[PDB]
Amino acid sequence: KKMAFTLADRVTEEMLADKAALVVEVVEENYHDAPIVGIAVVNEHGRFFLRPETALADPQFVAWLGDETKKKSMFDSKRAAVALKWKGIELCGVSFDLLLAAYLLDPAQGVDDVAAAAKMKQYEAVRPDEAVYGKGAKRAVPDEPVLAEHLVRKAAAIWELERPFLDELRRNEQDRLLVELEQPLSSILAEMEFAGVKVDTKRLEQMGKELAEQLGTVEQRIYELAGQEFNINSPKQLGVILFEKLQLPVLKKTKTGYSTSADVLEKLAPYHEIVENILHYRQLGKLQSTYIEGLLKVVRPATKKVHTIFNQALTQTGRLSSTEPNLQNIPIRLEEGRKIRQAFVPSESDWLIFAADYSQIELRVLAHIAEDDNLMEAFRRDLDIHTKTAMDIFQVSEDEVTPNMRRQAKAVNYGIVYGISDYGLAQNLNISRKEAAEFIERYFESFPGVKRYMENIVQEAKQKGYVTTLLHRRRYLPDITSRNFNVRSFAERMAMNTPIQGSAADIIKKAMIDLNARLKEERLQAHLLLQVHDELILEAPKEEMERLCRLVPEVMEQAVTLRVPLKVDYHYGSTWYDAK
């Protein structure tokens, strides 16, 4: 803890070496249009702190920032890249991202600052961010010298930690996972975030008014049915009305009291019609609070765009998440909610929304991985297993399978492969438990390869202490040897699920990198706006739709070669709603 560094006030030539650790500090969690509070560089010639106003106004520094041949090592380069994009500066030449490296080594660590990454190698010459900026309403940039030393320490850590992290990734066979997948993807995500998605706010505001009226109506119906006014949004007050005043049966309690989950309420529908109204009220209330009001709070008023942040270093399986706002959970399953999507529109005149989605994605992945002949046979024959299972569950013909039953069948197919118990299945479909068990038994009968697989991967997990995906992403499962049934069971189902969802996440990630290449290749103007786990959403000039219809599905289907083909459904239209 005694680090020499230059508190510079002008950019020098020795600050612009072709290999360096770089820190461009954004203290605001949401980095969109956020202030950059300081800059630090460590390279073969020394350690430098630069004030942003100086460095960013200097053509020589900016030129360096922009130069691909000049290699930078950073922590969370996407944060830097975007916060720079907002200041009109380009960042290139990022050859190592310590956030992504640490996330690949172990997602459970929840590394979200340099100090946490440093710890993985017992490097302690740097402090946690929170310790320097403080927490909550106390959060503040500290005095220049103190700030300066912190940024410099972070760059020095990055500088020291590159080789050792690359070393361990190399051992794990994750070196290409970092350098060829996560890092390139990071630039693509940065472009998507910066571009944003345009919102029809007049539409959103109109729906909000209508929603408020209907909410008022349902609310009053509920008080009438209840004989009393109460806070329907209080599971606590509600449970009193349901289970104490109306005396409905108690199907379930949690640590806090009576459960009023949708699952429970749906089961109580035979006893009292108030329950259906409550379910409807909470659906509508969510639409209004979150997808009208929340969405309107974060739209940028002059451009009418929303700029999400895709957290690339968060999920245990390798999936992305989306925050502030979450654009991966926009309603679709109920017609009333789905209309929210009419407000998501192209950013240019005469452009349209194109959307492409992997069909049955994880089932295809599992079929490749488990090498089940029946499943792989079902797929080379292009059956729709969701519809099929649906036909089975509701005892109906292909044509009597509504989009809604197909969604139920989907959770059942995935539920079973991912280790749902007879209880959960019976509870899910409100059917008999003995029936549930037999249905499962029958499922494994039908796909014994999948049955062998799930048994094997749990054994493997027990011996190795972790599982892996197609592209060698890894998840550690220490609890898999736990003496506790509950704890151990959770780990075992993680071992069943992670390799498949993680592989699917690997696949779409590679698909995105390839697609970006093929786009820029053919000089198409089309660009990615969103990823939603197994779908990609683009906007593009209407003329391009013809090209896209061949290109996007090809790229997505050929991103990897599996024992079975991949299938991509696609559609386009004037709004996200219409791309169906």
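Quick note: we count residues from 1 along the sequence shown, nothing fancier.
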property	result
Residue range whose averaged C-alpha B-factor is higher in the record, 446-454 or 234-242	446-454
Higher-B stretch (mean Cα B-factor, as the entry records it), 322-330 or 164-172	164-172
Of the residues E182, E266, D97, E124, the one carrying the largest Cα B-factor as recorded	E124
Most elevated Cα B-factor in the entry, residues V345, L105, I507, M391	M391
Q531 CA temperature factor, ranked by third within the chain	lowest
Position of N311 among the chain's modelled residues by C-alpha B-factor, lowest, middle or highest third	lowest
CA B-factor ranking of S289, expressed as a third of its chain	lowest
Among modelled residues of the same chain, the CA temperature factor third for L56	highest
Third of the chain's Cα B-factor distribution that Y577 belongs to, per the entry	middle
